[PDB]
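Peer 1: Got a structure for you, target_4.pdb, holding PDB, C-alpha atoms.
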ATOM      1  CA  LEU A 341     -19.972 -11.039  11.047  1.00  0.00           C
ATOM      2  CA  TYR A 342     -20.027 -11.776   7.308  1.00  0.00           C
ATOM      3  CA  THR A 343     -16.630 -12.561   5.780  1.00  0.00           C
ATOM      4  CA  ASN A 344     -14.396 -15.288   4.377  1.00  0.00           C
ATOM      5  CA  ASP A 345     -11.080 -16.773   5.494  1.00  0.00           C
ATOM      6  CA  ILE A 346      -9.152 -18.259   2.558  1.00  0.00           C
ATOM      7  CA  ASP A 347     -10.015 -15.170   0.528  1.00  0.00           C
ATOM      8  CA  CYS A 348     -11.472 -11.876   1.769  1.00  0.00           C
ATOM      9  CA  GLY A 349      -9.195 -12.042   4.788  1.00  0.00           C
ATOM     10  CA  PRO A 350     -10.412  -9.166   6.933  1.00  0.00           C
ATOM     11  CA  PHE A 351      -7.133  -7.321   7.374  1.00  0.00           C
ATOM     12  CA  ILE A 352      -9.170  -4.114   7.630  1.00  0.00           C
ATOM     13  CA  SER A 353     -11.016  -5.664  10.571  1.00  0.00           C
ATOM     14  CA  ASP A 354      -7.715  -6.412  12.301  1.00  0.00           C
ATOM     15  CA  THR A 355      -6.601  -2.830  11.703  1.00  0.00           C
ATOM     16  CA  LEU A 356      -9.894  -1.567  13.143  1.00  0.00           C
ATOM     17  CA  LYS A 357      -9.079  -3.612  16.258  1.00  0.00           C
ATOM     18  CA  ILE A 358      -6.241  -1.199  17.127  1.00  0.00           C
ATOM     19  CA  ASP A 359      -5.388   2.453  17.963  1.00  0.00           C
ATOM     20  CA  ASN A 360      -8.260   2.739  20.525  1.00  0.00           C
ATOM     21  CA  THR A 361      -9.528   5.734  18.534  1.00  0.00           C
ATOM     22  CA  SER A 362     -13.292   5.959  19.037  1.00  0.00           C
ATOM     23  CA  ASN A 363     -14.216   9.626  18.620  1.00  0.00           C
ATOM     24  CA  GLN A 364     -13.471  11.439  15.387  1.00  0.00           C
ATOM     25  CA  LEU A 365     -11.849  13.953  17.731  1.00  0.00           C
ATOM     26  CA  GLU A 366      -9.558  11.148  18.898  1.00  0.00           C
ATOM     27  CA  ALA A 367      -8.574  10.471  15.292  1.00  0.00           C
ATOM     28  CA  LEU A 368      -8.023  14.184  14.667  1.00  0.00           C
ATOM     29  CA  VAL A 369      -5.826  14.610  17.740  1.00  0.00           C
ATOM     30  CA  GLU A 370      -3.801  11.509  16.850  1.00  0.00           C
ATOM     31  CA  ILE A 371      -3.323  12.870  13.329  1.00  0.00           C
ATOM     32  CA  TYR A 372      -2.252  16.309  14.544  1.00  0.00           C
ATOM     33  CA  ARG A 373       0.104  14.629  17.009  1.00  0.00           C
ATOM     34  CA  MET A 374       1.748  12.411  14.392  1.00  0.00           C
ATOM     35  CA  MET A 375       1.987  15.063  11.674  1.00  0.00           C
ATOM     36  CA  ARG A 376       2.659  18.070  13.950  1.00  0.00           C
ATOM     37  CA  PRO A 377       4.406  16.666  17.034  1.00  0.00           C
ATOM     38  CA  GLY A 378       5.679  18.548  20.061  1.00  0.00           C
ATOM     39  CA  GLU A 379       2.851  21.048  20.271  1.00  0.00           C
ATOM     40  CA  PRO A 380      -0.054  19.569  22.264  1.00  0.00           C
ATOM     41  CA  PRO A 381      -3.073  19.408  19.963  1.00  0.00           C
ATOM     42  CA  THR A 382      -6.174  21.578  20.036  1.00  0.00           C
ATOM     43  CA  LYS A 383      -9.512  20.585  18.536  1.00  0.00           C
ATOM     44  CA  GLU A 384      -9.696  23.603  16.228  1.00  0.00           C
ATOM     45  CA  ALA A 385      -6.011  23.370  15.299  1.00  0.00           C
ATOM     46  CA  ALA A 386      -6.157  19.634  14.612  1.00  0.00           C
ATOM     47  CA  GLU A 387      -9.343  19.986  12.565  1.00  0.00           C
ATOM     48  CA  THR A 388      -7.906  22.849  10.517  1.00  0.00           C
ATOM     49  CA  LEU A 389      -4.643  21.009   9.856  1.00  0.00           C
ATOM     50  CA  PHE A 390      -6.452  17.831   8.822  1.00  0.00           C
ATOM     51  CA  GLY A 391      -8.809  19.686   6.497  1.00  0.00           C
ATOM     52  CA  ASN A 392      -5.970  21.678   4.948  1.00  0.00           C
ATOM     53  CA  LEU A 393      -3.956  18.531   4.276  1.00  0.00           C
ATOM     54  CA  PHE A 394      -6.974  16.548   3.053  1.00  0.00           C
ATOM     55  CA  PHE A 395      -9.404  18.583   0.946  1.00  0.00           C
ATOM     56  CA  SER A 396      -8.108  22.092   0.374  1.00  0.00           C
ATOM     57  CA  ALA A 397      -7.968  23.441  -3.170  1.00  0.00           C
ATOM     58  CA  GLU A 398      -4.781  25.220  -2.086  1.00  0.00           C
ATOM     59  CA  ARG A 399      -1.905  23.281  -0.494  1.00  0.00           C
ATOM     60  CA  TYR A 400      -3.186  20.148  -2.271  1.00  0.00           C
ATOM     61  CA  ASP A 401      -4.139  19.392  -5.867  1.00  0.00           C
ATOM     62  CA  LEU A 402      -4.441  16.602  -8.400  1.00  0.00           C
ATOM     63  CA  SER A 403      -4.302  17.870 -11.958  1.00  0.00           C
ATOM     64  CA  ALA A 404      -6.932  16.807 -14.474  1.00  0.00           C
ATOM     65  CA  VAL A 405      -4.524  14.025 -15.398  1.00  0.00           C
ATOM     66  CA  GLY A 406      -4.302  13.038 -11.743  1.00  0.00           C
ATOM     67  CA  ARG A 407      -8.060  12.959 -11.224  1.00  0.00           C
ATOM     68  CA  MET A 408      -8.638  11.086 -14.482  1.00  0.00           C
ATOM     69  CA  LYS A 409      -5.985   8.519 -13.612  1.00  0.00           C
ATOM     70  CA  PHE A 410      -7.366   8.059 -10.100  1.00  0.00           C
ATOM     71  CA  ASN A 411     -10.858   7.512 -11.494  1.00  0.00           C
ATOM     72  CA  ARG A 412      -9.578   5.090 -14.134  1.00  0.00           C
ATOM     73  CA  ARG A 413      -7.297   3.041 -11.878  1.00  0.00           C
ATOM     74  CA  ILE A 414      -9.809   2.802  -9.038  1.00  0.00           C
ATOM     75  CA  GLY A 415     -12.516   2.221 -11.638  1.00  0.00           C
ATOM     76  CA  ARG A 416     -15.054   4.920 -12.462  1.00  0.00           C
ATOM     77  CA  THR A 417     -17.029   5.946 -15.519  1.00  0.00           C
ATOM     78  CA  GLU A 418     -16.345   9.614 -14.734  1.00  0.00           C
ATOM     79  CA  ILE A 419     -13.210  10.993 -16.374  1.00  0.00           C
ATOM     80  CA  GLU A 420     -13.115  14.532 -14.987  1.00  0.00           C
ATOM     81  CA  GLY A 421     -13.489  15.199 -11.285  1.00  0.00           C
ATOM     82  CA  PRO A 422     -12.647  17.466  -8.363  1.00  0.00           C
ATOM     83  CA  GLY A 423      -9.050  18.393  -7.682  1.00  0.00           C
ATOM     84  CA  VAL A 424      -9.050  17.350  -4.033  1.00  0.00           C
ATOM     85  CA  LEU A 425      -9.368  13.849  -2.607  1.00  0.00           C
ATOM     86  CA  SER A 426     -13.004  12.845  -2.263  1.00  0.00           C
ATOM     87  CA  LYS A 427     -14.401  11.659   1.055  1.00  0.00           C
ATOM     88  CA  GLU A 428     -15.200   8.251  -0.431  1.00  0.00           C
ATOM     89  CA  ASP A 429     -12.149   8.262  -2.705  1.00  0.00           C
ATOM     90  CA  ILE A 430      -9.993   6.897   0.113  1.00  0.00           C
ATOM     91  CA  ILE A 431     -12.609   4.212   0.754  1.00  0.00           C
ATOM     92  CA  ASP A 432     -12.324   3.153  -2.878  1.00  0.00           C
ATOM     93  CA  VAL A 433      -8.534   3.097  -2.543  1.00  0.00           C
ATOM     94  CA  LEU A 434      -8.749   0.764   0.448  1.00  0.00           C
ATOM     95  CA  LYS A 435     -11.241  -1.372  -1.474  1.00  0.00           C
ATOM     96  CA  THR A 436      -8.836  -1.684  -4.397  1.00  0.00           C
ATOM     97  CA  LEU A 437      -5.998  -2.505  -2.012  1.00  0.00           C
TER
END
As structure tokens, how would this structure be written, given the file I've shared?
Peer 2:
Amino acid sequence: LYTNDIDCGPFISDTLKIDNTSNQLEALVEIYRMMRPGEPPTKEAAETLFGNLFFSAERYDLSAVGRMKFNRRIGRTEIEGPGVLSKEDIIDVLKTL
């Protein structure tokens, strides 16, 4: 366990100590339950909903301005980029936070 206390306070570690969500399927079902409540979740339905909300060129888009600003604010030499949120883009956002 490599960390620090005064700075680098592992808030992310504390967050990882909750929600009892081990399988990626567990995360997907929790997401489909929170976002689309009432209907009991199905693996295919939850996966499709998550993908559509996350990285679909339709139903989600950052303009060139949006992608450039995300790259600049998070820090990145690249100016242009894809219109959808990258898989590691969220990781960079948490890192910045």
Peer 1: I want to know what sits within 12 Å of residue 426 (chain A), based on all atoms listed in the file, with residues of the same chain fewer than 2 positions away left out; could you give that as a list in words?
Peer 2: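 The residues satisfying every condition are residues 391, 394, 395, 396, 397, 401, 402, 407, 410, 411, 421, 422, 423, 424, 428, 429, 430, 431, 432 and 433 of chain A.
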Peer 1: Which distance in Å separates CA of residue 366 (chain A) and CA of residue 378 (chain A), to one decimal?
Peer 2: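 Atom-to-atom, CA of residue 366 (chain A) to CA of residue 378 (chain A), that is 17.0 Å.
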Peer 1: CA of residue 389 (chain A) to CA of residue 355 (chain A): how many Å, to one decimal?
Peer 2: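 Taking CA of residue 389 (chain A) and CA of residue 355 (chain A), their separation equals 24.0 Å.
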Peer 1: Could you tell me how far CA of residue 434 (chain A) sits from CA of residue 383 (chain A), in Å to one decimal place?
Peer 2: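 A separation of 26.8 Å between them.
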Peer 1: Could you tell me which of A:404, A:425, A:385, A:356 comes closest to residue 369 (chain A) if we count only C-alpha atoms?
Peer 2: A:385
Peer 1: Could you expand the PyMOL selection byres ((chain A and resi 381) around 12) into the explicit residues it covers here, written as a VMD selection string?
Peer 2: chain A and resid 365 to 380 382 to 390
Peer 1: Hey, could you pull the box centre and edge lengths for region 374-393 of chain A, axis-aligned, 3 Å padding per side, all listed atoms, to one decimal in Å, as JSON?
Peer 2:
{"center_x": -2.0, "center_y": 18.0, "center_z": 13.3, "size_x": 21.4, "size_y": 17.2, "size_z": 24.0}
Peer 1: Kindly indicate which residue among A:352, A:344, A:403, A:392 lies nearest to residue 435 (chain A), using only C-alpha atoms for the distances.
Peer 2: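 Smallest distance to residue 435 (chain A) is found for A:352.
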Peer 1: Pull out every residue that the PyMOL selection byres ((chain A and resi 341) around 12) matches in the shown coordinates and put them as a PDB file with C-alpha atoms, in the frame of the given file.
Peer 2:
ATOM      1  CA  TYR A 342     -20.027 -11.776   7.308  1.00  0.00           C
ATOM      2  CA  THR A 343     -16.630 -12.561   5.780  1.00  0.00           C
ATOM      3  CA  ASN A 344     -14.396 -15.288   4.377  1.00  0.00           C
ATOM      4  CA  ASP A 345     -11.080 -16.773   5.494  1.00  0.00           C
ATOM      5  CA  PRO A 350     -10.412  -9.166   6.933  1.00  0.00           C
ATOM      6  CA  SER A 353     -11.016  -5.664  10.571  1.00  0.00           C
TER       7      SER A 353
END
